[PDB]
């Protein structure tokens, strides 16, 4: 089985938010969004049906894809990443409540250490790698789907990265 992004996040048009009281909990639009019909990022699981988990985290634009200091926020998000059960009776999964909250430049090292403490490292990038400049204007969504093997044991599928999302 493998994961397929069938609706990419839109790359531009959405500003990362700060800790503040806004007008709404924004949702990352999908690439096909228009003024008529907004869309949302959507994945498809090929070759598997049944229960499972999906985590979505932020990673850097360029490889090695380090965990990004920014946070995903919104429904079913904690510690900067999204995690929820898959609908067990569907192979299509949309994410309509994803928000990107940027870290203030001065709290960057603090955010990186939280990524480490929370085991939020999709590509298991070493600690000695997670220092240096980060592009705080760009992130990628990393979809980490866990399905089941025939005996019902969790089976992690290969992660898939989205197009970059830019703040401007």
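Numbering follows the first chain given and starts at 1.
Higher average CA B factor: 11-19, of the stretches 148-156 and 11-19.
Higher mean CA temperature factor, per the PDB entry, when comparing 66-74 with 22-30: 22-30.
Which of 55, 40, 61, 124 has the largest Cα B-factor in the deposited entry comes down to 124. Ranking 110, 46, 101, 120 by Cα temperature factor from the entry places 110 first. Sorting the modelled residues of the chain by their CA temperature factor places residue 141 in the lowest third.
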